[PDB]
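Listed next as structure tokens: two forms of one protein chain, kept apart as structure 1 and structure 2.
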Structure 1
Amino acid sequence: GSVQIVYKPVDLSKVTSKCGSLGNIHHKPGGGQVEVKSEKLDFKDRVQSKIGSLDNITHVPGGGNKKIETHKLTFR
């Protein structure tokens, strides 16, 4: 039939931050082990994997603001 779909989302939004001095941050990790013992790995379709990782992250963004959007229109 005479099907009609209008997709018109209007976005005027704002993500903002104000900060003074940002600093004097100390990160001193004391080491330590990670250990993974296994047998054969068998990953198939679309698998996402992380094994035995050791991370030490210092992340000091002045802003660090995030806006995430996902506009979707499926028709069949």
Structure 2
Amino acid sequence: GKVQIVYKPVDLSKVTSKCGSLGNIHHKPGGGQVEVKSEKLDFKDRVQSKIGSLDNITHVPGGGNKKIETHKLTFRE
């Protein structure tokens, strides 16, 4: 006999923003100091690392809106 499986979700969603103006932004942090002392670094299978990092970031996207959706039909997993 018939097996009928229908996966048909409808998506009419909206993610939105309306901004009149995005101002005066001043990213002026005082000068940072980073000091890392080590004797030996020994890395093997799939290790990932950041050592002694000083990052200054000003992002300010004006939208910066995001949508994430995952649709899945699965029989064994």
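Structure 1's sequence is the ruler for residue numbers, which start at 1. Take the two forms, superpose them, and find the largest set of C-alpha atoms that agree within 1.5 Å; that set is the rigid core.
- In the motion between structure 1 and structure 2, where one rigid part swings relative to another, the hinge among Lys40, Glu35, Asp45, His59 is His59.
- Superimposing on the larger rigid part's C-alpha atoms between structure 1 and structure 2 leaves the smaller part rotated by 13 degrees.
- Core fit done between structure 1 and structure 2; CA of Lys18 shifted by 2.4 Å.
- After superposing on the rigid core, the C-alpha of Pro29 is displaced by 1.2 Å between structure 1 and structure 2.
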